[PDB]
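Asks: Contents of my_file-v2.txt (compact mmCIF, N, CA and C atoms and all ligand atoms):
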# COMPACT_ATOMS: atom_id res chain seq x y z
N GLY A 13 16.76 176.59 78.98
CA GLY A 13 16.31 177.99 78.91
C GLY A 13 17.40 178.75 78.18
N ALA A 14 18.03 179.72 78.85
CA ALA A 14 18.98 180.52 78.11
C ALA A 14 20.04 179.61 77.44
N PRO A 15 20.72 178.72 78.19
CA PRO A 15 21.72 177.81 77.59
C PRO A 15 21.38 177.05 76.31
N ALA A 16 20.20 176.45 76.31
CA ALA A 16 19.67 175.72 75.18
C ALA A 16 19.48 176.60 73.95
N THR A 17 18.91 177.79 74.14
CA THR A 17 18.69 178.73 73.05
C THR A 17 20.02 179.01 72.37
N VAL A 18 21.04 179.10 73.23
CA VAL A 18 22.34 179.53 72.76
C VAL A 18 22.92 178.43 71.90
N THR A 19 22.74 177.18 72.35
CA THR A 19 23.23 176.04 71.58
C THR A 19 22.58 176.05 70.22
N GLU A 20 21.29 176.37 70.18
CA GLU A 20 20.55 176.22 68.96
C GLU A 20 20.86 177.39 68.05
N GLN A 21 20.99 178.60 68.61
CA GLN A 21 20.89 179.80 67.77
C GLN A 21 22.15 180.67 67.81
N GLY A 22 23.00 180.46 68.82
CA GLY A 22 24.22 181.21 69.01
C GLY A 22 25.15 181.16 67.80
N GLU A 23 25.93 182.23 67.63
CA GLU A 23 27.00 182.35 66.66
C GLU A 23 28.31 181.71 67.20
N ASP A 24 28.98 180.94 66.34
CA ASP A 24 30.29 180.42 66.70
C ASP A 24 31.35 181.51 66.53
N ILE A 25 31.89 181.96 67.66
CA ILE A 25 32.88 183.02 67.63
C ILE A 25 34.30 182.47 67.87
N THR A 26 34.56 181.20 67.64
CA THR A 26 35.93 180.67 67.70
C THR A 26 36.61 180.85 66.36
N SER A 27 37.94 180.95 66.41
CA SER A 27 38.80 180.97 65.23
C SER A 27 38.78 179.61 64.59
N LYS A 28 38.88 178.55 65.40
CA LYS A 28 38.93 177.20 64.86
C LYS A 28 37.54 176.81 64.32
N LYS A 29 36.50 177.54 64.70
CA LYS A 29 35.13 177.24 64.28
C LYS A 29 34.73 175.86 64.78
N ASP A 30 34.93 175.62 66.09
CA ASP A 30 34.66 174.32 66.72
C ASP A 30 33.45 174.40 67.64
N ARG A 31 32.63 175.46 67.51
CA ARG A 31 31.49 175.75 68.38
C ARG A 31 31.80 175.69 69.88
N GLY A 32 33.07 175.89 70.27
CA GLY A 32 33.44 175.91 71.68
C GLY A 32 32.94 177.15 72.42
N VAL A 33 32.51 178.16 71.67
CA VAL A 33 32.07 179.42 72.23
C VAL A 33 30.98 179.91 71.29
N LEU A 34 29.75 179.88 71.82
CA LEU A 34 28.62 180.42 71.11
C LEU A 34 28.05 181.64 71.85
N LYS A 35 27.48 182.56 71.07
CA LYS A 35 27.07 183.88 71.55
C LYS A 35 25.70 184.22 70.98
N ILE A 36 24.84 184.83 71.78
CA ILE A 36 23.68 185.55 71.29
C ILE A 36 23.75 186.97 71.88
N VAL A 37 23.50 187.96 71.05
CA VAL A 37 23.23 189.32 71.52
C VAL A 37 21.79 189.40 72.02
N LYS A 38 21.66 189.74 73.31
CA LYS A 38 20.36 189.84 73.92
C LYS A 38 19.89 191.28 73.96
N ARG A 39 20.78 192.24 74.27
CA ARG A 39 20.47 193.65 74.14
C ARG A 39 21.58 194.27 73.30
N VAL A 40 21.18 194.88 72.19
CA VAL A 40 22.05 195.61 71.29
C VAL A 40 22.64 196.80 72.02
N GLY A 41 23.95 197.00 71.83
CA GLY A 41 24.68 198.12 72.41
C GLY A 41 24.64 199.34 71.48
N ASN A 42 25.55 200.27 71.74
CA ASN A 42 25.75 201.48 70.96
C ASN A 42 27.19 201.63 70.48
N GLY A 43 27.36 202.57 69.59
CA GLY A 43 28.65 202.79 68.96
C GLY A 43 28.78 201.85 67.78
N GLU A 44 29.77 202.15 66.97
CA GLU A 44 30.00 201.44 65.74
C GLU A 44 31.15 200.49 66.03
N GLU A 45 31.69 200.52 67.25
CA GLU A 45 33.02 199.96 67.53
C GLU A 45 32.91 199.00 68.69
N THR A 46 33.74 197.96 68.66
CA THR A 46 34.05 197.09 69.79
C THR A 46 35.41 197.50 70.37
N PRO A 47 35.81 196.97 71.52
CA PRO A 47 37.12 197.29 72.04
C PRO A 47 38.14 196.54 71.22
N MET A 48 39.30 197.17 71.08
CA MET A 48 40.49 196.54 70.55
C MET A 48 41.21 195.75 71.64
N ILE A 49 41.94 194.80 71.15
CA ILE A 49 42.78 194.02 72.04
C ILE A 49 43.59 195.05 72.79
N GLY A 50 43.70 194.82 74.10
CA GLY A 50 44.58 195.60 74.93
C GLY A 50 43.80 196.75 75.58
N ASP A 51 42.59 197.10 75.11
CA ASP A 51 41.74 198.06 75.81
C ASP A 51 41.32 197.50 77.17
N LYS A 52 41.15 198.40 78.11
CA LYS A 52 40.57 198.10 79.40
C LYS A 52 39.07 198.09 79.24
N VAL A 53 38.46 196.97 79.61
CA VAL A 53 37.03 196.75 79.53
C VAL A 53 36.43 196.57 80.92
N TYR A 54 35.23 197.14 81.05
CA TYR A 54 34.41 197.12 82.25
C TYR A 54 33.07 196.46 82.03
N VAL A 55 32.84 195.33 82.74
CA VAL A 55 31.64 194.52 82.51
C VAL A 55 30.91 194.23 83.82
N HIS A 56 29.61 193.98 83.67
CA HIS A 56 28.88 193.20 84.66
C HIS A 56 28.59 191.83 84.10
N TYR A 57 28.51 190.84 85.00
CA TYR A 57 28.26 189.51 84.50
C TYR A 57 27.47 188.73 85.52
N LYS A 58 26.74 187.76 84.99
CA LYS A 58 26.16 186.68 85.76
C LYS A 58 26.58 185.40 85.07
N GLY A 59 27.20 184.51 85.85
CA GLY A 59 27.81 183.30 85.36
C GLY A 59 27.32 182.11 86.15
N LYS A 60 27.25 180.96 85.48
CA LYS A 60 26.89 179.72 86.13
C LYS A 60 27.43 178.55 85.31
N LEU A 61 27.45 177.38 85.94
CA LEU A 61 27.70 176.14 85.25
C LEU A 61 26.47 175.85 84.44
N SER A 62 26.66 175.26 83.26
CA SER A 62 25.53 175.03 82.38
C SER A 62 24.41 174.30 83.13
N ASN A 63 24.76 173.48 84.11
CA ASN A 63 23.78 172.74 84.90
C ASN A 63 23.25 173.54 86.10
N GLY A 64 23.64 174.82 86.22
CA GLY A 64 23.11 175.70 87.25
C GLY A 64 23.57 175.40 88.68
N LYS A 65 24.60 174.58 88.93
CA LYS A 65 24.89 174.13 90.30
C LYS A 65 25.85 175.07 91.07
N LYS A 66 26.66 175.88 90.41
CA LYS A 66 27.36 176.98 91.05
C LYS A 66 27.02 178.23 90.24
N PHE A 67 26.88 179.38 90.91
CA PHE A 67 26.47 180.63 90.30
C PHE A 67 27.34 181.78 90.83
N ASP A 68 27.40 182.88 90.07
CA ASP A 68 28.30 183.98 90.40
C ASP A 68 27.93 185.20 89.57
N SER A 69 27.91 186.36 90.23
CA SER A 69 27.68 187.62 89.58
C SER A 69 28.62 188.66 90.18
N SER A 70 29.15 189.49 89.30
CA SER A 70 29.79 190.73 89.68
C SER A 70 28.85 191.63 90.48
N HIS A 71 27.54 191.56 90.21
CA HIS A 71 26.59 192.25 91.09
C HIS A 71 26.60 191.77 92.53
N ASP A 72 26.95 190.52 92.80
CA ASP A 72 27.05 190.05 94.19
C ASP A 72 28.08 190.88 94.94
N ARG A 73 29.08 191.40 94.23
CA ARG A 73 30.16 192.12 94.90
C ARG A 73 30.02 193.63 94.70
N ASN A 74 28.99 194.04 93.94
CA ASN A 74 28.67 195.43 93.64
C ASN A 74 29.88 196.15 93.06
N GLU A 75 30.49 195.51 92.08
CA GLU A 75 31.74 195.95 91.52
C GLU A 75 31.83 195.35 90.13
N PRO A 76 32.01 196.24 89.12
CA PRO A 76 32.25 195.80 87.75
C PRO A 76 33.51 194.93 87.72
N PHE A 77 33.52 193.95 86.81
CA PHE A 77 34.74 193.21 86.52
C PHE A 77 35.50 193.90 85.37
N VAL A 78 36.78 194.15 85.62
CA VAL A 78 37.70 194.86 84.74
C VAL A 78 38.85 193.95 84.32
N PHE A 79 39.22 193.99 83.04
CA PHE A 79 40.40 193.33 82.52
C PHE A 79 40.81 193.98 81.20
N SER A 80 42.02 193.65 80.75
CA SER A 80 42.57 194.10 79.49
C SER A 80 42.27 193.05 78.44
N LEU A 81 41.49 193.47 77.44
CA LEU A 81 40.91 192.57 76.48
C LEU A 81 41.99 191.88 75.66
N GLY A 82 41.83 190.57 75.50
CA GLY A 82 42.65 189.82 74.55
C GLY A 82 44.09 189.66 75.04
N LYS A 83 44.32 189.86 76.34
CA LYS A 83 45.67 189.84 76.90
C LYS A 83 45.90 188.53 77.65
N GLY A 84 44.95 187.60 77.55
CA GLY A 84 45.13 186.29 78.17
C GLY A 84 45.04 186.30 79.71
N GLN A 85 44.42 187.28 80.33
CA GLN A 85 44.38 187.35 81.78
C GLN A 85 43.23 186.55 82.39
N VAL A 86 42.28 186.09 81.54
CA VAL A 86 41.02 185.47 81.93
C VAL A 86 40.84 184.29 81.00
N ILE A 87 39.78 183.48 81.17
CA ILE A 87 39.54 182.36 80.29
C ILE A 87 39.38 182.86 78.85
N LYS A 88 39.71 181.98 77.89
CA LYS A 88 39.87 182.35 76.50
C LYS A 88 38.55 182.87 75.97
N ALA A 89 37.45 182.25 76.43
CA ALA A 89 36.11 182.56 75.96
C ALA A 89 35.78 184.02 76.21
N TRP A 90 36.35 184.55 77.30
CA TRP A 90 36.06 185.95 77.64
C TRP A 90 36.82 186.91 76.74
N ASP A 91 38.10 186.61 76.54
CA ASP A 91 38.93 187.41 75.67
C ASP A 91 38.32 187.48 74.27
N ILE A 92 37.85 186.35 73.80
CA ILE A 92 37.23 186.26 72.49
C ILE A 92 35.85 186.89 72.47
N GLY A 93 35.08 186.63 73.51
CA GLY A 93 33.70 187.05 73.49
C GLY A 93 33.50 188.55 73.67
N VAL A 94 34.15 189.12 74.69
CA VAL A 94 33.95 190.53 74.96
C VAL A 94 34.45 191.45 73.84
N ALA A 95 35.49 190.96 73.15
CA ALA A 95 36.02 191.60 71.97
C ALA A 95 34.96 191.69 70.88
N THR A 96 33.91 190.85 70.88
CA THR A 96 32.88 190.98 69.84
C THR A 96 31.76 191.92 70.27
N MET A 97 31.82 192.51 71.46
CA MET A 97 30.66 193.24 71.97
C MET A 97 30.79 194.75 71.78
N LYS A 98 29.67 195.43 71.72
CA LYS A 98 29.64 196.87 71.75
C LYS A 98 29.26 197.39 73.12
N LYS A 99 29.60 198.65 73.34
CA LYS A 99 29.24 199.33 74.56
C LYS A 99 27.72 199.31 74.73
N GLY A 100 27.28 198.83 75.87
CA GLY A 100 25.86 198.83 76.19
C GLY A 100 25.18 197.51 75.87
N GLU A 101 25.94 196.63 75.23
CA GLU A 101 25.44 195.33 74.83
C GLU A 101 25.44 194.36 75.99
N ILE A 102 24.38 193.55 75.97
CA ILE A 102 24.27 192.33 76.77
C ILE A 102 24.26 191.14 75.81
N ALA A 103 25.07 190.15 76.16
CA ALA A 103 25.28 188.96 75.39
C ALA A 103 25.30 187.73 76.27
N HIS A 104 24.85 186.64 75.67
CA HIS A 104 24.83 185.35 76.30
C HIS A 104 25.95 184.51 75.71
N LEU A 105 26.82 183.96 76.56
CA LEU A 105 27.87 183.07 76.07
C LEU A 105 27.68 181.65 76.64
N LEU A 106 27.74 180.67 75.74
CA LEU A 106 27.82 179.28 76.15
C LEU A 106 29.18 178.71 75.73
N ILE A 107 29.87 178.09 76.70
CA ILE A 107 31.31 177.87 76.60
C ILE A 107 31.69 176.44 76.99
N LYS A 108 32.21 175.69 76.00
CA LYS A 108 32.71 174.35 76.23
C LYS A 108 34.01 174.46 77.02
N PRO A 109 34.36 173.43 77.83
CA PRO A 109 35.54 173.47 78.71
C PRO A 109 36.90 173.84 78.11
N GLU A 110 37.11 173.50 76.85
CA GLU A 110 38.33 173.81 76.16
C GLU A 110 38.58 175.32 76.10
N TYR A 111 37.57 176.18 76.30
CA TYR A 111 37.72 177.62 76.23
C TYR A 111 37.41 178.22 77.59
N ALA A 112 37.48 177.37 78.60
CA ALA A 112 37.26 177.80 79.96
C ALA A 112 38.34 177.17 80.84
N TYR A 113 38.00 176.15 81.63
CA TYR A 113 38.92 175.57 82.59
C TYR A 113 39.22 174.11 82.25
N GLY A 114 38.84 173.65 81.07
CA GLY A 114 39.32 172.36 80.60
C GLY A 114 39.00 171.21 81.56
N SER A 115 39.70 170.09 81.38
CA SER A 115 39.49 168.91 82.19
C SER A 115 39.92 169.08 83.64
N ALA A 116 40.92 169.91 83.89
CA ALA A 116 41.40 170.11 85.25
C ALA A 116 40.34 170.84 86.09
N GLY A 117 39.54 171.67 85.41
CA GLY A 117 38.53 172.45 86.11
C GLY A 117 39.24 173.37 87.09
N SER A 118 38.51 173.87 88.08
CA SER A 118 39.11 174.62 89.15
C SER A 118 38.20 174.51 90.37
N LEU A 119 38.32 173.37 91.03
CA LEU A 119 37.58 173.06 92.24
C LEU A 119 37.94 174.03 93.37
N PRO A 120 36.99 174.25 94.30
CA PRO A 120 35.64 173.67 94.21
C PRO A 120 34.64 174.44 93.34
N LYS A 121 34.99 175.60 92.81
CA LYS A 121 33.98 176.38 92.10
C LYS A 121 33.65 175.68 90.76
N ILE A 122 34.68 175.19 90.03
CA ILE A 122 34.37 174.58 88.76
C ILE A 122 34.99 173.19 88.62
N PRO A 123 34.14 172.23 88.26
CA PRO A 123 34.58 170.86 88.03
C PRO A 123 35.14 170.58 86.65
N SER A 124 35.67 169.36 86.54
CA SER A 124 36.22 168.85 85.31
C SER A 124 35.22 169.03 84.17
N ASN A 125 35.70 169.55 83.04
CA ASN A 125 34.97 169.42 81.79
C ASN A 125 33.61 170.09 81.87
N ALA A 126 33.53 171.20 82.61
CA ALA A 126 32.33 172.00 82.78
C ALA A 126 32.12 172.97 81.63
N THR A 127 30.88 172.97 81.15
CA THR A 127 30.37 174.03 80.31
C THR A 127 29.93 175.18 81.20
N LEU A 128 30.32 176.39 80.80
CA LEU A 128 29.89 177.63 81.45
C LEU A 128 28.94 178.44 80.59
N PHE A 129 28.07 179.14 81.30
CA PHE A 129 27.20 180.15 80.73
C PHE A 129 27.35 181.48 81.44
N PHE A 130 27.44 182.56 80.66
CA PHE A 130 27.50 183.92 81.16
C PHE A 130 26.54 184.83 80.39
N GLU A 131 25.88 185.70 81.15
CA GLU A 131 25.33 186.93 80.61
C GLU A 131 26.32 188.03 80.95
N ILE A 132 26.79 188.72 79.91
CA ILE A 132 27.72 189.79 80.11
C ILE A 132 27.12 191.07 79.57
N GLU A 133 27.26 192.14 80.37
CA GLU A 133 27.04 193.50 79.95
C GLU A 133 28.36 194.27 79.86
N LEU A 134 28.59 194.82 78.67
CA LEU A 134 29.75 195.67 78.41
C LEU A 134 29.39 197.09 78.74
N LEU A 135 29.94 197.56 79.87
CA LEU A 135 29.53 198.83 80.41
C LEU A 135 30.33 199.85 79.65
N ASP A 136 31.64 199.62 79.56
CA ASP A 136 32.51 200.64 79.00
C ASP A 136 33.86 200.06 78.63
N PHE A 137 34.63 200.80 77.82
CA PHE A 137 35.98 200.44 77.44
C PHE A 137 36.77 201.70 77.12
N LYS A 138 38.10 201.63 77.34
CA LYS A 138 39.06 202.70 77.06
C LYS A 138 40.40 202.06 76.66
N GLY A 139 41.03 202.61 75.60
CA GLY A 139 42.40 202.28 75.21
C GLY A 139 43.39 202.96 76.13
N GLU A 140 43.79 202.26 77.21
CA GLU A 140 44.52 202.87 78.34
C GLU A 140 46.00 203.19 77.94
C1 LIG A 201 37.97 179.48 89.32
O1 LIG A 201 37.79 180.81 89.83
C2 LIG A 201 36.71 181.62 89.79
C3 LIG A 201 35.90 181.72 88.67
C4 LIG A 201 34.86 182.58 88.68
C5 LIG A 201 33.89 182.64 87.57
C6 LIG A 201 34.64 182.65 86.30
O2 LIG A 201 34.91 181.60 85.73
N1 LIG A 201 35.04 183.82 85.90
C7 LIG A 201 34.86 185.10 86.77
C8 LIG A 201 34.43 186.16 85.72
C9 LIG A 201 35.51 186.24 84.60
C10 LIG A 201 35.51 184.91 83.72
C11 LIG A 201 35.84 183.80 84.62
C12 LIG A 201 37.33 183.84 84.95
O3 LIG A 201 38.07 184.04 84.04
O4 LIG A 201 37.76 183.65 86.26
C13 LIG A 201 39.15 183.88 86.70
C14 LIG A 201 39.02 185.04 87.67
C15 LIG A 201 39.50 186.24 87.45
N2 LIG A 201 39.24 187.12 88.46
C16 LIG A 201 38.49 186.62 89.46
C17 LIG A 201 38.02 187.34 90.74
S1 LIG A 201 38.24 185.07 89.13
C18 LIG A 201 33.04 181.32 87.52
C19 LIG A 201 32.03 181.42 86.28
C20 LIG A 201 30.75 180.32 86.42
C21 LIG A 201 30.14 180.23 87.79
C22 LIG A 201 31.27 179.88 88.75
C23 LIG A 201 32.26 181.05 88.82
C24 LIG A 201 34.63 183.33 89.77
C25 LIG A 201 35.42 183.30 90.90
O5 LIG A 201 35.21 184.09 92.04
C26 LIG A 201 34.30 185.17 91.85
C27 LIG A 201 36.47 182.42 90.91
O6 LIG A 201 37.27 182.35 92.05
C28 LIG A 201 38.36 183.28 91.98
Transcribe the structure of this file into structure tokens.

Replies:
Amino acid sequence: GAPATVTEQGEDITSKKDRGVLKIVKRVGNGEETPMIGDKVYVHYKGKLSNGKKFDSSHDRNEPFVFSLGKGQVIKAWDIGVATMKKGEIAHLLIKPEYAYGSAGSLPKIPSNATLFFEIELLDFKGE
């Protein structure tokens, strides 16, 4: 379903161009601008293992997820991916382990060599 579409049609947003991170824009945002590295970004997300066996949403906690973009505080795929988004945009990310938690994984939530999928909504951003 969503994951497969992304494999087929997603844009490669890696620097190395290794298809480790593919993206589809599902809902177009507003503004002419994305956040700059170091901006504080506010997102909602729904995340799962590509095989659907563990799931997670910021909506489960009724709290936006906040981080400083491109500052290495989260998995690489997020730093790279959210930086491509506009305010109000929803995007689908499909993420090979090298841009997530690699072979070590992070048990018990994430196993070795797991592909991740996220729907992310970029609610807002500010250059703090
Ligand atoms: C390995 O740690 C965790 C990872 C995540 C999710 C995850 O991988 N996240 C959370 C959303 C931000 C991207 C990515 C991550 O960088 O996690 C490190 C965390 C930063 N802040 C957190 C509360 S977890 C994971 C995505 C696929 C379905 C399984 C959950 C949520 C977690 O708890 C909500 C978590 O435990 C702290």

Asks: Name each residue within 6.5 Å of ligand LIG 201 (chain A), counting only N, CA and C atoms and all ligand atoms, as a PDB file with N, CA and C atoms, in the coordinates of the input.

Replies:
ATOM      1  N   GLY A  59      27.200 184.510  85.850  1.00  0.00           N
ATOM      2  CA  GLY A  59      27.810 183.300  85.360  1.00  0.00           C
ATOM      3  C   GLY A  59      27.320 182.110  86.150  1.00  0.00           C
ATOM      4  N   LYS A  60      27.250 180.960  85.480  1.00  0.00           N
ATOM      5  CA  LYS A  60      26.890 179.720  86.130  1.00  0.00           C
ATOM      6  C   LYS A  60      27.430 178.550  85.310  1.00  0.00           C
ATOM      7  N   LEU A  61      27.450 177.380  85.940  1.00  0.00           N
ATOM      8  CA  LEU A  61      27.700 176.140  85.250  1.00  0.00           C
ATOM      9  C   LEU A  61      26.470 175.850  84.440  1.00  0.00           C
ATOM     10  N   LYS A  66      26.660 175.880  90.410  1.00  0.00           N
ATOM     11  CA  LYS A  66      27.360 176.980  91.050  1.00  0.00           C
ATOM     12  C   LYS A  66      27.020 178.230  90.240  1.00  0.00           C
ATOM     13  N   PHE A  67      26.880 179.380  90.910  1.00  0.00           N
ATOM     14  CA  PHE A  67      26.470 180.630  90.300  1.00  0.00           C
ATOM     15  C   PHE A  67      27.340 181.780  90.830  1.00  0.00           C
ATOM     16  N   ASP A  68      27.400 182.880  90.070  1.00  0.00           N
ATOM     17  CA  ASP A  68      28.300 183.980  90.400  1.00  0.00           C
ATOM     18  C   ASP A  68      27.930 185.200  89.570  1.00  0.00           C
ATOM     19  N   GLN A  85      44.420 187.280  80.330  1.00  0.00           N
ATOM     20  CA  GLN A  85      44.380 187.350  81.780  1.00  0.00           C
ATOM     21  C   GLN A  85      43.230 186.550  82.390  1.00  0.00           C
ATOM     22  N   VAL A  86      42.280 186.090  81.540  1.00  0.00           N
ATOM     23  CA  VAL A  86      41.020 185.470  81.930  1.00  0.00           C
ATOM     24  C   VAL A  86      40.840 184.290  81.000  1.00  0.00           C
ATOM     25  N   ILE A  87      39.780 183.480  81.170  1.00  0.00           N
ATOM     26  CA  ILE A  87      39.540 182.360  80.290  1.00  0.00           C
ATOM     27  C   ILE A  87      39.380 182.860  78.850  1.00  0.00           C
ATOM     28  N   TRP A  90      36.350 184.550  77.300  1.00  0.00           N
ATOM     29  CA  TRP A  90      36.060 185.950  77.640  1.00  0.00           C
ATOM     30  C   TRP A  90      36.820 186.910  76.740  1.00  0.00           C
ATOM     31  N   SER A 118      38.510 173.870  88.080  1.00  0.00           N
ATOM     32  CA  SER A 118      39.110 174.620  89.150  1.00  0.00           C
ATOM     33  C   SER A 118      38.200 174.510  90.370  1.00  0.00           C
ATOM     34  N   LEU A 119      38.320 173.370  91.030  1.00  0.00           N
ATOM     35  CA  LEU A 119      37.580 173.060  92.240  1.00  0.00           C
ATOM     36  C   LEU A 119      37.940 174.030  93.370  1.00  0.00           C
ATOM     37  N   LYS A 121      34.990 175.600  92.810  1.00  0.00           N
ATOM     38  CA  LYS A 121      33.980 176.380  92.100  1.00  0.00           C
ATOM     39  C   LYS A 121      33.650 175.680  90.760  1.00  0.00           C
ATOM     40  N   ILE A 122      34.680 175.190  90.030  1.00  0.00           N
ATOM     41  CA  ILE A 122      34.370 174.580  88.760  1.00  0.00           C
ATOM     42  C   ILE A 122      34.990 173.190  88.620  1.00  0.00           C
ATOM     43  N   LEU A 128      30.320 176.390  80.800  1.00  0.00           N
ATOM     44  CA  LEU A 128      29.890 177.630  81.450  1.00  0.00           C
ATOM     45  C   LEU A 128      28.940 178.440  80.590  1.00  0.00           C
ATOM     46  N   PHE A 129      28.070 179.140  81.300  1.00  0.00           N
ATOM     47  CA  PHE A 129      27.200 180.150  80.730  1.00  0.00           C
ATOM     48  C   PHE A 129      27.350 181.480  81.440  1.00  0.00           C
TER      49      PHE A 129
END

Asks: Given only N, CA and C atoms as the basis, pick out the residue of A:52, A:39, A:28, A:98 nearest to residue 134 in chain A.

Replies: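 Once distances to residue 134 in chain A are computed over only N, CA and C atoms, the minimum belongs to A:98.
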
Asks: What does the structure give for the distance between CA of residue 106 in chain A and CA of residue 31 in chain A, in Å to one decimal?

Replies: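 Computing it gives 9.3 Å between the two atoms.
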
Asks: I'd like the interatomic distance between CA of residue 137 in chain A and atom N of residue 25 in chain A, to a tenth of an Å.

Replies: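 A separation of 21.3 Å between them.
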
Asks: Any idea what's packed within 8 Å of residue 45 in chain A, counting all atoms listed in the file, ignoring anything in its chain fewer than 4 positions away? Could you give it as an MDAnalysis selection string?

Replies: chainID A and resid 95:99

Asks: Name the closest residue to residue 82 in chain A among the candidates A:42, A:13, A:110, A:49; distances are taken between atoms, counting only N, CA and C atoms.

Replies: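 Using only N, CA and C atoms, residue 82 in chain A sits closest to A:49.
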
Asks: Have a look at CA of residue 20 in chain A and atom N of residue 93 in chain A and let me know their distance in Å, one decimal.

Replies: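 Separation between CA of residue 20 in chain A and atom N of residue 93 in chain A: 18.4 Å.
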
Asks: May I have all residues of range 31-128 of chain A that DSSP, computed from the backbone, assigns to helix (DSSP H, G or I), given as a compact mmCIF listing (two decimals) with N, CA and C atoms, in the coordinates of the input?

Replies:
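Saved as result.txt:
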# COMPACT_ATOMS: atom_id res chain seq x y z
N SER A 70 29.15 189.49 89.30
CA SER A 70 29.79 190.73 89.68
C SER A 70 28.85 191.63 90.48
N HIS A 71 27.54 191.56 90.21
CA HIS A 71 26.59 192.25 91.09
C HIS A 71 26.60 191.77 92.53
N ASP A 72 26.95 190.52 92.80
CA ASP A 72 27.05 190.05 94.19
C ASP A 72 28.08 190.88 94.94
N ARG A 73 29.08 191.40 94.23
CA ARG A 73 30.16 192.12 94.90
C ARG A 73 30.02 193.63 94.70
N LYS A 88 39.71 181.98 77.89
CA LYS A 88 39.87 182.35 76.50
C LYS A 88 38.55 182.87 75.97
N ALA A 89 37.45 182.25 76.43
CA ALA A 89 36.11 182.56 75.96
C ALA A 89 35.78 184.02 76.21
N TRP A 90 36.35 184.55 77.30
CA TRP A 90 36.06 185.95 77.64
C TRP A 90 36.82 186.91 76.74
N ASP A 91 38.10 186.61 76.54
CA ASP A 91 38.93 187.41 75.67
C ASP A 91 38.32 187.48 74.27
N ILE A 92 37.85 186.35 73.80
CA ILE A 92 37.23 186.26 72.49
C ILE A 92 35.85 186.89 72.47
N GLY A 93 35.08 186.63 73.51
CA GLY A 93 33.70 187.05 73.49
C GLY A 93 33.50 188.55 73.67
N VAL A 94 34.15 189.12 74.69
CA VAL A 94 33.95 190.53 74.96
C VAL A 94 34.45 191.45 73.84
N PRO A 109 34.36 173.43 77.83
CA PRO A 109 35.54 173.47 78.71
C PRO A 109 36.90 173.84 78.11
N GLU A 110 37.11 173.50 76.85
CA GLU A 110 38.33 173.81 76.16
C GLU A 110 38.58 175.32 76.10
N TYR A 111 37.57 176.18 76.30
CA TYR A 111 37.72 177.62 76.23
C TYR A 111 37.41 178.22 77.59

Asks: Could you tell me which of A:51, A:140, A:30, A:23 comes closest to residue 81 in chain A if we count all atoms listed in the file?

Replies: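 Comparing A:51, A:140, A:30, A:23 against residue 81 in chain A, the winner is A:51.
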
Asks: Using only N, CA and C atoms for the distances, tell me which of A:76, A:100, A:109, A:123 is nearest to residue 55 in chain A.

Replies: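 Selected residue with least distance to residue 55 in chain A: A:76.
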
Asks: Closest to residue 41 in chain A among A:126, A:116, A:135, A:102, using only N, CA and C atoms?

Replies: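 That would be A:102, the residue with the smallest distance to residue 41 in chain A.
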
Asks: As a PyMOL selection string, list the residues of chain A assigned to strand (DSSP E) by DSSP on the backbone atoms of this structure.

Replies: chain A and resi 23-24+33-39+52-61+67-69+77-80+102-107+128-138

Asks: With distances taken over all atoms listed in the file, which residue among A:53, A:139, A:127, A:29 lies nearest residue 79 in chain A?

Replies: A:53

Asks: Compile the contact shell of range 16-18 of chain A as a list in words: residues with an atom at most 7 Å away, counting all atoms listed in the file, same-chain residues fewer than 6 positions apart removed.

Replies: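 Surrounding residues, per the criterion: residues 34, 35, 36, 104, 105 and 106 of chain A.
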
Asks: Residues near residue 131 in chain A, anyone? I mean within 6 Å using only C-alpha atoms, not counting same-chain ones fewer than 4 positions away, as an MDAnalysis selection string.

Replies: chainID A and resid 57:58 103:104
